[PDB]
Each structure stands twice: as structure tokens, then as C-alpha cells.
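Protein chains in written order, with the deposited numbering: chain A, 7 to 197, 204 to 279; chain B, 2 to 97; chain C, 1 to 61, 63 to 100, 103 to 184, 186 to 206; chain D, 2 to 240.
From the three backbone atoms N, C-alpha and C, an ideal C-beta is built for every residue, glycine too.
Working notes, structure below.
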Amino acid sequence: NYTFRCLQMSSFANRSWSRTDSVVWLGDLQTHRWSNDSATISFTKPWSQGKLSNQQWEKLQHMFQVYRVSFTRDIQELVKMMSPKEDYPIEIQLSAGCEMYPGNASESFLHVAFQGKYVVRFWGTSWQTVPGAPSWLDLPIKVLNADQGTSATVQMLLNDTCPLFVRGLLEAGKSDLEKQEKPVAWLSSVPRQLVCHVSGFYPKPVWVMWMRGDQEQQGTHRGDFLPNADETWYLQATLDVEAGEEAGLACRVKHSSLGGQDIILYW
Amino acid sequence: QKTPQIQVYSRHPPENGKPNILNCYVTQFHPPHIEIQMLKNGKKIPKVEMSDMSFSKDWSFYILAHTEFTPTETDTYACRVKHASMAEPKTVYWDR
Amino acid sequence: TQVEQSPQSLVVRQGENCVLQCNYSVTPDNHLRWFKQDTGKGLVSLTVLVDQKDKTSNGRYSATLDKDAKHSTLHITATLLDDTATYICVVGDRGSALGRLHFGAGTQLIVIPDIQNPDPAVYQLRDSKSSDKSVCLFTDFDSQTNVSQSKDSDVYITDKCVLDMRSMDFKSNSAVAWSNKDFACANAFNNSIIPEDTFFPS
Amino acid sequence: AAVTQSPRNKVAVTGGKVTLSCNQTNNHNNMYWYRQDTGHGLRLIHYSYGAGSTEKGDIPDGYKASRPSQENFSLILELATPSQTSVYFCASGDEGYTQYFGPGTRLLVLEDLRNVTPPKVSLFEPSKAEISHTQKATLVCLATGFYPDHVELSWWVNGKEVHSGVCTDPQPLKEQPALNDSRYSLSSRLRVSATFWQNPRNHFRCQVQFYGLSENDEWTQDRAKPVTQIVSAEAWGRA
Ligand SMILES: CCCCCC/C=C\CCCCCCCCCC(=O)O[C@H](COC(=O)CCCCCCCCCCCCCCC)CO[C@H]1O[C@H](CO)[C@@H](O)[C@H](O)[C@H]1O
Ligand SMILES: *[C@@H]1O[C@H](CO[C@@H]2O[C@@H](C)[C@@H](O)[C@@H](O)[C@@H]2O)[C@@H](O[C@@H]2O[C@H](CO)[C@@H](O)[C@H](O)[C@H]2NC(C)=O)[C@H](O)[C@H]1NC(C)=O
Ligand SMILES: *[C@@H]1O[C@H](CO)[C@@H](O[C@@H]2O[C@H](CO)[C@@H](O)[C@H](O)[C@H]2NC(C)=O)[C@H](O)[C@H]1NC(C)=O
Ligand SMILES: *[C@@H]1O[C@H](CO)[C@@H](O)[C@H](O)[C@H]1NC(C)=O
């Protein structure tokens, strides 16, 4: 089960200045980037074109190329339309793609946020507001849904193009998506709290616990999964302990990469 | 507005006088406009690389700054973030 | 300019078909609409094309649109005098009110009417209030006749004009000449190529 | 779904304030002001998304816009210049892409009003000889001595406008082409059947709507103030 995410972020400082930047993810691996400065979308993996033919990708990049320019003006105009209800600075985020399930099954989404709050989605054959959205959004929704051409296209992107594109991506990218990188571990203390540092593992699922032999130490607090630059993960676990008690304390790590032989460290 | 959370950590186990990479993970902020600096003994390191900005399911932004460093007994490294949400810029120091 | 029309102007005879081009660079190109505009008047919409490769008709008007080529033509079939007008191309850049319309500068069409029964004359007409003043009316000439200005600049002569008595399916050309006098109708169009059969009543 | 503009036609001087109005009763949120000059397509001046809102278009300089209500949208020329001589179009629309256009407003802006003059109108009656030869009867109308050329000539029979059998000079002619601010003449023809003209209960009238000064324009000459007005000529049928 993989989720394909096209995340768009657009800022508008005033009536004239704006920028739009995008990133694309398949699971937790970046596949494309399209910065405001670039006329074209960049592949970040060799297999980022997926199983698309060159003509097909050109046709697709072009669509987006036009959308970026269209989107910018539309927002600026929608601001003109609502004013002085809203005003700059303005922040719009889109999240679009599909979640792929076994065999044939998939489910597409397109979610819009305004000033960091989720307010709009494409659903079915039209745009609609979600619970909590402010009523003024009804005029933009009414305006956006008037555009039959945009509707048909967005419908085509979500129902057809996305799942098809992603099935191809998963084939082309099998090597990377299924890669196994081993974690490396080290130990440290702070004025006493012990820290088991676990770094460099892929994929994300990992097990990390402090142990006195077979006894599993509660009070072990794992933090968040932090990313490295090389597309592996970093995680650490802290255990709270009394001063003069580190004797016999181990850190045990399990991961799919290690294949059975756990990492055991001692202080 | 939302406050940035900053986390400094190394890629490989740190060894004195031994080349490594230092990561600065900056998360949880809004709006996206941010200014991130990686400091050595208080001075800006040049040639600092940035991942593209992205955001999580909760709509909050994140970005990864990283740079090559050599840890030594005597050098201090930091990450310095300026954002609208804060009056003053926030400095998080690297500690093993 | 993002919308271009060709030809700039054209003259056709009644009954003849014509084709009008529109080429554009507008992006994106949601729809294209053709307007008809009588001289001195407003913009009547003829058709609006919307699909990638689209075809529309409206009586004697038909039209195509090819979005790959960014090109559209307007065919008028069997032209009538009333088709005389400026024809205008418009591309709209959105499918909503968020759009801007991009206008061509228009194509000017003139239709020469078929004069079935030429019976050319020069008549004298009197002022309803004033038995003194008069005009000379040169009428019922076919369209292979030209009206020119007089030698004397004290003699005013207007260019030909075609009237249509819709009720009778009858059309006619005429032109008017008057002057502040010794001035007479028999001598009024001397500086024009008028037919040898032109009627000059006593 | 229609749109109305007023005035239809306006003669103005340099430095004057000119107001062009647009009215729509369609409850459309959005309105739009365009100008048309030969050799360009319509160009957008200003527009509005609703009451109290006004937005710059492509060529906003020299124009203010005013949207006091859903119904009205105004184009304001504080200091009119000759370069604002044009035909101005208003349009309105809802959320859809269609714009419904008004009938257009012609404006002429002169440097000076010193020569403005209403026309003299004369109706010339059908030739007995034409009647005899064709069984048709042509009336001729003549409008002479007017400046500037902003006139609308129309024919009326028994108080109702007629369009059938009518032809009017596409353009007026200059009465003294040598001169700087030459006065104009213009002719029109109305052709009917002999038996229609021979009916003494048929009232024929040629009517010229002249566009000239307003009751608010200053007039300093001795002769009568050449205001916007109708001058007409008139004759009855006869056997
Ligand atoms: C695979 C690589 C991924 C690429 C990077 C990812 C980038 C973007 C991901 C999103 C995917 C969506 C693409 C849609 C394509 C449509 C084509 C097009 O180009 O669409 C744009 C219209 O812009 C939009 O669609 C705007 C998007 C709507 C967003 C909703 C925002 C909700 C607003 C809420 C807040 C309002 C606040 C303002 C008021 C204060 C213009 O559409 C025009 O051109 C099309 C092509 O001819 C025609 O279909 C259409 O008829 C015409 O109108
Ligand atoms: C595209 O599919 C929708 C229904 O699919 C859902 O909506 C998509 C936007 C995306 O979120 C999917 O993953 C969802 O599962 C179709 O919408 C239906 O259309 C019919 C008839 O047109 C209508 O009666 C229903 O109300 C719609 N259903 C819903 C749930 O809203 C749509 O027609 C599809 N479009 C194309 C071009 O295939
Ligand atoms: C983001 O991208 C757009 C398009 O590349 C930039 O907009 C252009 O800005 C220049 C001025 O530098 C203008 O000449 C163009 O008219 C603009 N192109 C458009 C509107 O399509 C924009 O400046 C970029 N933003 C930033 C912050 O650099
Ligand atoms: C718009 O925003 C930019 C960047 O935030 C700012 O520097 C610029 O001055 C603003 N433009 C105007 C016209 O104020």
C-alpha cells in the first residue's frame, strides 16, 4: 500500500508578488520537484517518468505548466472578488494523488487548504467545501464549479491518470522502494538520561528498546522519525534512569535490514 | 501562525576529527517563509544544502538543512531559525 | 496582439460564399466566439465553439475550431446584403467569470447586391416647405456603376447607397445631388460614367 | 438577460467631466467596461465584481470606475481628452464565462465647442415622374449645416419608425472641405409604393437627433446655444 502525493504550496504576499513550489512523493520517497524558478518539472529519481512515453509526459508537463500560470491569476482574482472579506498575505496548499491498494483498487484525493486550514476538496464531479469552512467560500466554489473544462480535466486526472501513472511508478521504482539499509547505533548520556541513537535505516518500521537482559524497560521513550539527507531515517530512544545505575543497560534494535541479528549495545 | 520546532542531529555516530554530516530538521511552522542558518562557533557555514520544502498531513511545513562537518572537542555547532511567529531568532545547539 | 483575423477586409457579390480566419496565441483557450457587428451598432453573437476540435452552425453561418492549431474559420454560405458588417473573433481564457476575453480587430465584409432590374433615372424632387430648393436623385442603376464628385465644389453629391423594400423583395441604388444655384438635374451627374439609357424626364 | 447604456452619444470638450453609465437588471455580480477603436479589438478599461468594488483593466488611465449598486456601473472621465474619443461598451455576467454586452456609447471629445451647430432639416417630396415610371415614390431628407457629425437620422410614418425601404449615407459629407472645422451635410432616402405616398392620411417625417451641448455647458456667443436636440421635416401624402 503506497500513497502518491503531489503537494503544492503557493504564497501571495500582495497583489503582484507570488510564488508556487511543488514536491512529489511516493510513500516516503521524493519523485519530482517543480520550483517556482523552473519552467519544467524535475525528476528526482531515474524512474520518475514511470511507464509514461515521452509524448505522454510532455503532454502532461505542459498541462501543469499552463495550470501554474492559470492558478496564480485565478487566486489573485478570487481575492479581488471577495475583498475586503479576505486580503494578502495568503497561503494556499494543495494535496493531490491516490492511495494504491492490492491489484486493481485505488482511491484518489484532492485537498485544498487556505491559511493552513483544510477548506476545499474535489469530490465526485465538483469542488465542495468541507465541514468548518467559512461560508464566503461559497462564491469561489460557485465560480470554480462553473468551469466545465476544469472539471472534466480534474476528473480525468483523479479517476484515470493518477492510478495509471502510479502503477507504472511502482514497477519502475521497485528497486528503490524495496531497498534495505541497515541502521547504525550509538549511546550517550545527559545531566541522568540515556539516549540510544539509531541512524541510517530504511524502510521506516523499526523497533528500539532499552533492556536489562530479557527484561523490557518501560520508560523507554522513542522520539519521532527524523530524516537524513540520503533518504534513510533517524530515530532515538531516551530512558530515564537514576545516577549510578547504567550498569547492565543495553539498547536493542530490530530492523528488516539486519535480518535476524539484532543490534545490542551496552554502557 | 505556528512556531518552528528545530532538531539538530548527526548522520553517523560522531567521532572527534572524523568527517560527518550535520542535519537540521525544522518542522511545524506556518507560514512557509523561513530563514535557516547553520552556525559554526556562531559563524555561518557556507554551501549549506536544503531539501525542498514540503508539508505533512496536518498541513504544517517542514524542511531539512544539512552540511558537512568535522566534530572536535572544541567546536560548537548550531541551527538558527528566523520566522514571523517569533520576535527573536531561535538558536538550537548540537549536543551529543 | 494575441488574436489575429484574416482577411482584414473583403468584398463579395450576393450569393457568394466566404470564409473568415481567426488565429490566436491565447493560453489557455477555453472557448471562441464569433460576433457580428453592423456599422454604428452592437455585438450580436453568431456562435461559440468549445471543444478541442469543434464544429458549429447557425443558419447560413458555420464554424470550425481546432485547438491544437489554435485556428478557427467562419463560413458564411450564400451571402446577403445584410451580411455587410465587421466580424469579430473572441477567445476566452477560462470557463468561468474569472476569464478575460481577447478580441480580434475584426474582419470587414461588404456584399454587393444583385440588381435584377436596372431602370436608371435622374429625377427632380421639391422641398415640402420651399418650392425654391430641389434635389437630383440618381436611382435604379446596377452595381457596375460608379458615382463621382462634381467639378464644382458648390455642388454636393453623395456616394451611392442601397435600399431594400423587404416587403416586395426589391433593392435599389441611388445617390443625391443638390446645389446653391442655373443648376439643373440634366447636368448634375455630368462627371460620372452613367449608362446611355438613363431616363431624363422633361 | 439585457444591459443598458446611457447616454447613447455624447459630444464633450477637453477638460470636461464626462460620465458614462451602465444599467443591468439581471442581478449579475460582475460588470465590465470596454472601449473599441478601429484597428484594435475591444480593450478592457475597468471592471467590478460587485457593489463598492472596482478593478483596473488593461488601459485604466484617464478613467475612474464606480459601482454604487448591483445594478449600476459607471465610467468616469474627470478630465476628458481628444484621445478618449471612442465607442464604449459595457457588459455584465454571473459566474459563467458569457459576457452580455450593452448597445455601446459613442463619445467625441473636441478641443473647443465654438463651432457646434444643429442641422437644418429638409424633406424633398417624390417626383411625379418617378411615380409614373416605377410606381415607386422616393422621399429625400437633407440635414445640412451641422457640427460635429454626431447625428442619428430616422424615418417615421404615422409616428412609427420605418426601416424597410431606407438608405442613409454611411458617412456625412463636408460642406467646405478646405476649412478647419467644416460643417456637415447628410442625406437619406425613403422609398415606398406610389399608392402609399398617394394616401393623404400618411404622415411622413424625417428626424435628425443632433448631439451637441448640454444645458450645463457654458455658451458665450450671441447666436442660440447649440444644445443636443431634435430637428425634423415633415410632409403628408397626396393624390
Ligand atoms: C506529476 C507531477 C505533479 C506536478 C506538481 C503538482 C502540482 C499541482 C497539483 C494539483 C493538480 C491540479 C491540476 C488541475 C489542472 C486543471 C487544468 C487548468 O489549467 O485549470 C485552470 C484553472 O485553474 C485551476 O484549475 C485552479 C485550481 C483550483 C484550486 C481550488 C482552490 C480552492 C480555492 C479556495 C481558496 C480561495 C481563496 C481565494 C479568495 C481569497 C484553467 O483552466 C483553463 O484551462 C484548461 C485547459 O485548457 C481548461 O480545461 C479550462 O476550460 C480553462 O478554464
Ligand atoms: C470520476 O469518479 C467519480 C466518483 O469517484 C469519486 O470521486 C473522485 C473525484 C475521486 O475522489 C474518486 O477516488 C472517488 O471515488 C464520478 O462521480 C460520479 O458521477 C456520477 C455520474 O457522472 C454521479 O451521479 C455521482 O454523483 C458521482 N459520484 C460521486 C461519489 O460523487 C465521476 O463521474 C468520474 N468521472 C469520470 C470522468 O470518470
Ligand atoms: C515565480 O514564477 C513566476 C513565473 O516564472 C514569476 O512571475 C514573473 O515575474 C517576472 C518579474 O520577475 C515578470 O516579468 C513576469 O511577467 C512574471 N511571469 C508571469 C506572471 O507569468 C514570479 O516572479 C516568480 N516569483 C518569485 C518570487 O520569484
Ligand atoms: C510584495 O511582497 C514582497 C515580498 O514579501 C515585498 O518585498 C514587496 O515590497 C511587496 N510589494 C509591494 C508593492 O509592496
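Open item on the list: Any residue with its C-beta under 7 Å from a non-hydrogen atom of ligand 3 counts. Can you list them all in chain order?
Closed with: A:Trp23, A:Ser24, A:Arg25, A:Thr26, A:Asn42, A:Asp43, A:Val75 and A:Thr78
Open item on the list: Using C-beta distances below 8 Å, list every residue in its chain close to D:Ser54, excluding the 5 sequence neighbours before and after it, in chain order.
Closed with: As a first step, residue 54 of chain D is located in the fourth sequence; it is residue number 53 there, counting from the start. Result list for D:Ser54: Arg68, in chain order.
Open item on the list: When you measure from the CB of B:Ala85 to every non-hydrogen atom of ligand 4, does any distance come out below 6 Å?
Closed with: Mapped onto the second sequence, residue 85 of chain B falls at position 84. Incorrect: B:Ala85 has no Cβ contact closer than 6 Å to ligand 4.
Open item on the list: Residues of the region 125–140 of chain C in Cβ contact with chain D at a cutoff of 8 Å, in chain order, please.
Closed with: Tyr126, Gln127, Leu128, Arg129, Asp130, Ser131, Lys132, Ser133, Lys136, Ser137, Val138 and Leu140
TODO: Compare the C-beta of C:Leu166 against all C-beta atoms of chain D and say whether one is closer than 7 Å.
DONE: In the third sequence, residue 166 of chain C corresponds to position 163, counting from 1. Taking Cβ atoms only, chain D reaches closer than 7 Å to C:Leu166, which makes this a yes.
Task: Three-state secondary structure assigned by DSSP to D:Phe197 - done: Here residue 197 of chain D corresponds to residue number 196 of the fourth sequence, with the count starting at 1. It is helical.
Open item on the list: One question on the structure: do C:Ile77 and C:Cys18 come within less than 7 Å of each other, judged by their Cβ atoms?
Closed with: Counting from 1 along the third sequence, the entry for residue 77 of chain C is found at position 76. Counting from 1 along the third sequence, the entry for residue 18 of chain C is found at position 18. Yes; because the gap between Cβ atoms is below 7 Å, this pair is in contact.
TODO: May I have a chain-ordered list of the beta strand (DSSP E) segments no shorter than 3 residues that lie completely inside the region 114–163 of chain A?
DONE: The region 114–163 of chain A contains these whole beta strand (DSSP E) runs: 123–129 and 132–135.
Open item on the list: Short of 8 Å Cβ to Cβ, which residues in the region 142–175 of chain A face chain C?
Closed with: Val149, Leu150, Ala152, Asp153, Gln154, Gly155 and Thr156
Open item on the list: Check for me: the alpha helix (DSSP H) holding D:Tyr35 runs from which residue to which?
Closed with: Counted from its first residue, the fourth sequence places residue 35 of chain D at position 34. First-last for D:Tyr35: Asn31 to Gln37, but that is the beta strand (DSSP E), not the alpha helix (DSSP H).
Open item on the list: Less than 7 Å between CB atoms is the rule here; does D:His204 satisfy it with respect to chain C?
Closed with: Translated into positions along the fourth sequence, residue 204 of chain D becomes position 203. By this cut-off, D:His204 is not an interface position.
Task: Cβ neighbours of C:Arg129 in the same chain (closer than 6 Å, five flanking residues each side left out) - done: Locating residue 129 of chain C in the third sequence gives position 126, counting from the first residue. Closer than 6 Å at the Cβ level, and outside the excluded window around C:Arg129, lie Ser137.
Task: Reference B:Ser55, options B:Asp76, B:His31 and B:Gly43, closest by Cα - done: Position 54 of the second sequence, counted from the start, is the residue given in the question as residue 55 of chain B. With distances taken between CA atoms, B:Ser55 lies nearest to B:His31 out of B:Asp76, B:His31 and B:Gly43.
Task: Cβ-Cβ distance between D:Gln25 and D:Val12 below 7 Å - done: By one-based count along the fourth sequence, residue 25 of chain D stands at place 24. By one-based count along the fourth sequence, residue 12 of chain D stands at place 11. No, the pair does not count as a contact, with Cβ atoms beyond the cut-off.
TODO: Using three-state DSSP, classify C:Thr39 as helix, strand or coil.
DONE: Walking along the third sequence from the start, residue 39 of chain C turns up at place 39. C:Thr39 falls in the coil class under three-state DSSP.
Task: Close-in-space but distant-in-sequence residues of the same chain around C:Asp122 (CB under 7 Å, 5 per side omitted) - done: Taking the first residue of the third sequence as position 1, residue 122 of chain C is located at position 119. Same-chain partners within the cutoff: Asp143.
Task: Contact list for the region 109–124 of chain A against chain B, Cβ threshold 7 Å - done: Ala119, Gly122 and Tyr124
Open item on the list: Any contact between the region 86–102 of chain A and the region 143–157 of chain A? By contact I mean 3 or more CB pairs, one from each, below 8 Å.
Closed with: Touching, yes.
- [ ] Examine chain D for any beta-carbon lying closer than 7 Å to the beta-carbon of A:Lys86, and answer yes or no.
- [x] Numbered from 1 along the first sequence, position 80 holds the residue referred to as residue 86 of chain A. True, the Cβ-Cβ gap to chain D drops below 7 Å.
Task: Where the region 24–42 of chain D meets chain C: residues whose CB sits under 7 Å from a CB there - done: Interface annotation for the region 24–42 of chain D against chain C: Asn31, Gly40, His41 and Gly42, criterion Cβ-Cβ distance under 7 Å.
- [ ] Run down chain C in chain order and give the residues with a C-beta less than 7 Å from the C-beta of A:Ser76.
- [x] In the first sequence, the residue the question calls residue 76 of chain A occupies position 70. Under a criterion of Cβ atoms nearer than 7 Å, the residues of chain C adjacent to A:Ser76 are, in order, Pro28.
- [ ] Tell me whether A:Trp129 counts as near ligand 1, meaning its Cβ is closer than 6 Å to at least one heavy atom of that ligand.
- [x] As a working mapping, residue 129 of chain A is identified with position 123 in the first sequence. Answer for A:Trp129: no, Cβ out of range of ligand 1.
Task: Candidates D:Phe211, D:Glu219, D:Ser215 and D:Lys129, of which the one nearest D:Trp198 by Cα - done: Taking the fourth sequence and counting its residues from 1, one reaches residue 198 of chain D at position 197. Measuring from the Cα of D:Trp198, the nearest candidate turns out to be D:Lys129.
Open item on the list: Determine, for A:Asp80, whether the minimum Cβ-Cβ distance to residues of chain C falls below 7 Å.
Closed with: Within the first sequence, numbered from 1, the residue matching residue 80 of chain A stands at position 74. True, the Cβ-Cβ gap to chain C drops below 7 Å.
TODO: Excluding the 5 residues preceding and the 5 following residue 355 of chain A in the sequence, name in chain order all residues of the same chain whose CB lies nearer than 6 Å to its CB.
DONE: This structure cannot speak to residue 355 of chain A, because chain A is shown only from 7 to 279.
Task: Outcome for D:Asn181 when other beta-carbon atoms lying within 10 angstroms are tallied against a minimum of 16 - done: In the fourth sequence, counting from the first residue as 1, residue 181 of chain D sits at position 180. D:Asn181 comes out exposed.
Open item on the list: Quick check: is any heavy atom of ligand 1 less than 6 Å from the C-beta of A:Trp40?
Closed with: Residue numbering aside, residue 40 of chain A sits at position 34 when the first sequence is read from its first letter. For ligand 1, at least one heavy atom lies less than 6 Å from the Cβ of A:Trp40.
Open item on the list: A:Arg224 and A:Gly260 - do their beta-carbons sit closer together than 7 Å?
Closed with: Residue numbering aside, residue 260 of chain A sits at position 248 when the first sequence is read from its first letter. Residue numbering aside, residue 224 of chain A sits at position 212 when the first sequence is read from its first letter. Yes, these two residues count as a Cβ contact at 7 Å.
Task: Nearest to A:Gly231 (by Cα), restricted to the options A:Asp93, A:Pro140, A:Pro137 and A:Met221 - done: What you label residue 231 of chain A is simply residue 219 of the first sequence in a count that begins at 1. Answer by Cα proximity: A:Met221.
Task: Collapsed DSSP secondary structure at A:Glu64 in the structure displayed - done: Working through the first sequence from its first residue, we reach residue 64 of chain A at position 58. If DSSP states are grouped into helix, strand and coil, A:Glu64 belongs with the helices.
Open item on the list: Looking at B:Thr71: is its Cβ nearer than 7 Å to the Cβ of B:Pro20?
Closed with: Here the question's residue 71 of chain B lines up with position 70 in the second sequence. Here the question's residue 20 of chain B lines up with position 19 in the second sequence. Their beta carbons are under 7 Å apart, which means B:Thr71 touches B:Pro20 by this criterion.
Task: Closer than 7 Å to chain C by CB, residue 202 of chain A - done: Missing from the coordinates: residue 202 of chain A, inside the break in chain A from 197 to 204.
TODO: Could you list which residues in chain A have their beta carbon closer than 7 Å to that of D:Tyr50, in chain order?
DONE: As a working note, residue 50 of chain D is residue 49 in the fourth sequence. Near D:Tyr50 (Cβ distances below 7 Å), the residues of chain A are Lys86 and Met87.
TODO: Would you verify that the beta carbon of D:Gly160 is, or is not, closer than 7 Å to some beta carbon of chain A?
DONE: As a first step, residue 160 of chain D is located in the fourth sequence; it is residue number 159 there, counting from the start. Not closer than 7 Å to any Cβ of chain A, the Cβ of D:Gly160 fails to qualify, so no.
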